[PDB]
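Residue numbers (the entry's author numbering), protein chains in the order written: chain v, 4 to 123; chain E, 25 to 103; chain O, 100 to 347, 357 to 596, 600 to 670; chain s, 2 to 180, 191 to 216; chain B, 22 to 149.
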Amino acid sequence: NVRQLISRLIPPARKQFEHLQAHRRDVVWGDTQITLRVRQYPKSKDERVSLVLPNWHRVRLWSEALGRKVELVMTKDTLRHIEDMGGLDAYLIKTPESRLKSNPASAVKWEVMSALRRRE
Amino acid sequence: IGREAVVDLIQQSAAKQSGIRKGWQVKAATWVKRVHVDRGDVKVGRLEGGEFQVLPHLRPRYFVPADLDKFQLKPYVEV
Amino acid sequence: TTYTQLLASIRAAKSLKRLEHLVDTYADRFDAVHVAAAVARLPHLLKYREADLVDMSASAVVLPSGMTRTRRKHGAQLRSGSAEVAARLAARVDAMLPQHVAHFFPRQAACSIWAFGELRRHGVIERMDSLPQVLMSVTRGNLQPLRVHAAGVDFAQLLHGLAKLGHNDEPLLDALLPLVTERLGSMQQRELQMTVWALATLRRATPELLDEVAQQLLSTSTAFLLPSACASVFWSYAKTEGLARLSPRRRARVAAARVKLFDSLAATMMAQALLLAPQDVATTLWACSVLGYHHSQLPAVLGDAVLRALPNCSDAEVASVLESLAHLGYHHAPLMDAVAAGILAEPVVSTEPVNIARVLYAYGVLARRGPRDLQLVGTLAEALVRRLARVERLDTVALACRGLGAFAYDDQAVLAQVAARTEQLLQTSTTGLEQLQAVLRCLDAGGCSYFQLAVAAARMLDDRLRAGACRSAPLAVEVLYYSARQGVXXXXXXXXXXXXXXXXXXXXXXXXXXXXXXXXXXXXXXXXXXXXXXXXXXXXXXXXXXXXXXXXXXXXXXX
Amino acid sequence: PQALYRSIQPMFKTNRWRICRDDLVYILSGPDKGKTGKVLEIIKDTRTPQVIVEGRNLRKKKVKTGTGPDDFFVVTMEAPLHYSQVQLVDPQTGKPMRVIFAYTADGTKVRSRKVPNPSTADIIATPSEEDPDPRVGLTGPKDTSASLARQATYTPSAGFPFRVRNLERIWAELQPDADXXXXXXXXXXXXXXXXXXXXXXXXXX
Amino acid sequence: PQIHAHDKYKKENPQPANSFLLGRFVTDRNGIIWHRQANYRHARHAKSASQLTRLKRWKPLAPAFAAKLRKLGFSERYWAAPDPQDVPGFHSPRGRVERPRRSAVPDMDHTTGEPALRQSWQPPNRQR
RNA sequence: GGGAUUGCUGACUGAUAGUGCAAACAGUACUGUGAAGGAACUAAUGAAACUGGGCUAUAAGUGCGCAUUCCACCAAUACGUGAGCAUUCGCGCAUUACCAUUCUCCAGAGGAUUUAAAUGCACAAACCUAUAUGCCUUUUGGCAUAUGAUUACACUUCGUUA
Ligand SMILES: [Mg+2]
Ligand SMILES: [Mg+2]
Ligand SMILES: [Mg+2]
Ligand SMILES: [Mg+2]
Ligand SMILES: [Mg+2]
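So this is what it looks like as structure tokens:
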């Protein structure tokens, strides 16, 4: 039914969905999941599909691997995940390259690996 | 969808119906008397104070052979 | 946008055109491992044109962890666009190769050589001798003492790549030792079978066989293999030892050192049925024919396997399987019945002439004397004699004549053109004389009129005597006997005297000389005329042939 | 005949013509059958082939001198018969006969008499179809003979990179520096070399 | 091999369910369509004993209505379909029995459902 | 699903039909600022309306051109080319001549009817382009697991020498 409910989107939710489809690979997507809010009216013949908009913050994480801070856009729950499994270094090492659906996470991942390898 | 791809398809479509300018091309040929179209000339200089200066190295030079008189090859071969 | 993303997008390209785009638009954006990943993903993305034969209906579990669900048809060709894009991309990769070869380890070079060997196998590039040397240097300089660089898998992949590439290398003499150093430590069973296949097709390593037998036997079973790998192991031991045993195949036997491994392989291949291909069982049956290995219920299972796919088999595979079940003496009645019905329902029954000769021999030396087999041997004989226009060898005619002489083939109009083509090819470089002796045995299985090559066979045998570089076997007097009994020239007694003076043959060949002693110039010179009288061979017409040389032998030949 | 022309399937897939030009033929059908003639020209059309014979299918042609009204002259002319309407006359009984394409020795194909012994004396000779030779009427001015036109003048032995083959002539060295035997003096006269020379001479005087 | 079987140009247009006829009527062996009498579900206090006894009986449909239902294709032999399960030896592999799903019977709209219950077809409301 | 060759494919159409177009130049002339709309026209024959005058007042032959099958040269494995109306109740094209005798309304205008044929229409045949279990499918994809985020590994082996 989901392929139907995407086609039943109100124009603000549809424009927000197009922007989500454009700028997904620009921000960190650790455990982030987009969601539709379809509300069910009991006096029937009305199913209004919308979007549950994610919340975004520009947190400045300190990398304990290489001596700098990086700024990068995240959600609350992926910040929970990163700061509750060990930090940016442990996340960028132990989450390999495909659960990262993100470009700056991949770039800082390569910089952590290269700087750490030259640090050996 | 790109700009160059559309222009190339337009030129390939215009490759057909080509030759001696029939149809709409007869009226469209008169655009050269309406919008100052630049022809296929080679530029020989540039304006500095509004006076044109021909650069002498861009003047036309034709490397004609030493003698084309009593040269033993003609434009026609005998059958 | 980064380099690990480029590596992972090369690895998960899922189409060869996508990989072509990534290689072409990011030429300066590469490094060593990007090129290595591109070469690794090259042979996996080739596609074939509609001749993909499904195996989902044959094995209930679809993959044993790695296979293609549709294997191929024998003789299938690639898609034309995919072949063009793959060849252009491989030329692009060979262009981008030496700028990044310097930072390689033995792993990347091993995978590159193996993958380009796969591309040569598929027919993409077929040459590869543009730049193969810098890869050899980067995998050989850092593996001279088995140094800190990688090992184990890379030896098998490098040697498999050189197996598929050939090239007649120099580091075989260097890599003789680190290969045999490291079987028993860091090689799996598939690595062992690729390495023994590569040593087989380079014909290089004979002391490496029995330790590899012991190593892959001390592994928990051979059941961690899959049936084409078992077929390659049989083929490897065939091409490395069976030609040694046969040349210092119905008389071929095994040696006791390798039979336990051969039984382990046969038990594995009968355990892993529902997974086995016609080419695999063709090579397995041929290797068991060559090695002289006669297992119980193994050819029954392999004949059942080719019975289960007989509309899907090309006639080369069927002819190979029927030869390997004819040389190794075995009867498979459903397979013979199905093959006979299949090419008796076929209205225009032509194929390659060697396949006709192979089916003729297979039905000849096996107990198929039913009416359907007589109709089949007549049909195959007519379809072959319609196409004796080959200048290859008399060997195809030799198998055809062995099949026609095992039967009592008496159809004269076939045998006339068979004899005409035999004498037409006989003036050229005929390799052997038994290849003519089979034709003579066929042409005297039934009645024939073949003087025009009987004189030529006499000329060839006198030429072999004048050469003085032949066997002078009892088959020499067997060549003498047929042309002697049909022809009468008188110069043929020199061979029958000189070879019989150095005889090395006791019975059933001096009777041939005694029966041929009327047409030749030898009147009566035989100490063995009484020894054959004490032997009573009773194969030739010696009773009517001893009526002019030894009257006691005339009674001894028939009574 | 049919008036469509393009609906007709094109005949003569293998190009072989039993009737040739300049030969005696018998008219089989039409306003004059039983008469004979000599073929003047065969119109080899794959869809509608015609044959024009000598003075048989005569119809008046209204040749139109260009004019709006009735100003024209009329000339009798042989109308084209269909190719199928005619057949070759054998020289023995004067009746029409079928020509076959028999092969004689040397691999050549000739036109025989349709007999079970097709050999010499049954071959009908076919004349050549071309005689436009400009070889007679050659050697006019502005022409070159074939032997002169086939000279092997070109050789790749020379033409190698020669950046210093200048010889230092004002612009006759510019062409062999850009990669040339002799420029005409008139060509160098076109790019005037005397504008600065006159100013130099006037300053000197 | 000019075998032309026109797979396209076959639409398989949907036919109406007529689900409102399932539990109300039933067909007998002779072909007669029977139904239970109405006016018996509630308000039984305001009715006489003979009237309530009379309304418990079933009556056949009138011939005109029965003819329309028979032509429409109504052939229901049972009030509700007997479950293929509940037969001994024919039971669910993992379900202890199954979930029944009691069914409702309202369906009437002039745009989409039940063309039998509307005189004409109403066009939709502006489609957003 | 899509894009081009072939159809001894068509109880498809035959010029107001069939594509919008069978045509020297049809997505043309022309219309519109523009996006966009969008014609007519084959070759003969020459119906009616209309308007003047007059009046009344022998299901056959014969030629060509091919296709089928025979033959003899063949790449020698599907036919490869070539003599032959040799063969076929084959196909296409070409061709078949009457000679009076006046009691027929005539002249124009117009382009219907009749005849002819796919380059039109619909498909068909090869050709090229585009992971497994089960739920819902509905000319096909959404959902958990497994060889799995990994730059690495099995297979098309031609065998023939009693
Ligand atoms: Mg039309
Ligand atoms: Mg019209
Ligand atoms: Mg229309
Ligand atoms: Mg007309
Ligand atoms: Mg009229």
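All C-beta atoms, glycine included, are put in the ideal place defined by N, C-alpha and C.
Keeping to the same chain, check which residues put their C-beta closer than 7 Å to that of residue i; ignore five residues upstream and five downstream.
i: residue 271/O; result: 301, 303
i: residue 74/v; result: 61, 63
i: residue 161/O; result: 155, 168
i: residue 353/O; result: Placed between 347 and 357 in the numbering, residue 353/O has no coordinates, as chain O goes from one to the other without interruption by modelled residues.
i: residue 33/v; result: 81, 84, 85
i: residue 531/O; result: 560, 561, 564
i: residue 255/O; result: 286, 290, 293, 294
i: residue 385/O; result: 170, 327
i: residue 388/O; result: 326, 327, 330
i: residue 248/O; result: 204, 205, 241, 242
i: residue 332/O; result: 292, 295, 373
So who's on the other strand from residue i, going by DSSP bridges?
i: residue 77/E; result: 70/E
i: residue 46/B; result: 56/B
i: residue 75/v; result: 62/v
i: residue 79/B; result: 57/B
i: residue 88/v; result: DSSP, once it has assigned bridges, lists no residue as partnering residue 88/v.
i: residue 79/s; result: 59/s
i: residue 28/s; result: 87/s
i: residue 70/s; result: Partner(s): none; residue 70/s has no beta bridge.
Once you ignore the five residues that flank residue i on each side, which residues in its own chain have a CB closer than 8 Å to its CB?
i: residue 463/O; result: 423, 424, 426, 427
i: residue 51/s; result: 43, 44, 81, 82, 83, 84
i: residue 77/B; result: 58, 61
Compute the beta-carbon to beta-carbon distance between residue i and residue j, rounded to the nearest angstrom, for a pair I have assumed lies under 8 Å.
i: residue 163/O; j: residue 325/O; result: 6 Å
i: residue 223/O; j: residue 185/O; result: 5 Å
i: residue 90/s; j: residue 25/s; result: 5 Å
i: residue 410/O; j: residue 393/O; result: 6 Å
i: residue 471/O; j: residue 485/O; result: 6 Å
i: residue 455/O; j: residue 415/O; result: At roughly 23 Å, the Cβ-Cβ gap does not stay under 8 Å, so residue 455/O and residue 415/O are not in contact.
i: residue 197/O; j: residue 253/O; result: Going by Cβ atoms, the distance from residue 197/O to residue 253/O rounds to 20 Å, so no, they are not a contact pair.
i: residue 243/O; j: residue 135/O; result: In fact, because the Cβ distance is near 22 Å, the residues do not count as touching under 8 Å.
i: residue 145/O; j: residue 266/O; result: Actually they do not touch by this definition, with Cβ atoms about 22 Å apart.
i: residue 352/O; j: residue 584/O; result: Missing here is residue 352/O: after 347, the next number in chain O is 357.
In chain order, what residues of the same chain have a beta carbon less than 6 Å from the beta carbon of residue i, not counting five sequence neighbours either side?
i: residue 51/v; result: 42
i: residue 110/s; result: 102, 104
i: residue 46/B; result: 54, 56
i: residue 11/s; result: 47, 48
* Which residues, in chain order, does the stretch 51–84 of chain E contribute to contact with chain s at a C-beta distance below 8 Å? -> 83
* Between the stretch 127–140 of chain s and chain E, which residues of the former have CB atoms less than 8 Å from a CB of the latter, in chain order? -> 134, 135, 136, 139, 140
* To do: Give, in chain order, every residue of the stretch 83–102 of chain E whose Cβ lies closer than 9 Å to some Cβ of chain s.
  => 83, 84, 85, 86, 87, 88, 89, 90, 91, 92, 96, 97, 98, 99, 100, 101, 102
* Asked: Mind listing which residues of the stretch 52–82 of chain v have their C-beta closer than 8 Å to chain O's C-betas, in chain order?
  -> none
* Where the stretch 3–23 of chain s meets chain E: residues whose CB sits under 7 Å from a CB there -> none
* the stretch 117–133 of chain O: which residues have C-beta closer than 9 Å to a C-beta of chain v, in chain order? -> none
* To do: Could you please tell me which residues of the stretch 101–113 of chain O, in chain order, have their CB closer than 7 Å to any CB of chain v?
  => 101, 102, 103, 104, 107
* **Within 8 Å of chain E by C-beta, residues of the stretch 143–164 of chain s in sequence order** => 143, 144, 145, 146, 147, 149, 150
* **Residues of the stretch 69–86 of chain s with Cβ closer than 8 Å to any Cβ of chain E, in chain order** => none
* **the stretch 99–113 of chain v: positions lying closer than 8 Å to chain O by Cβ** => 100, 101, 106, 109, 110, 112, 113
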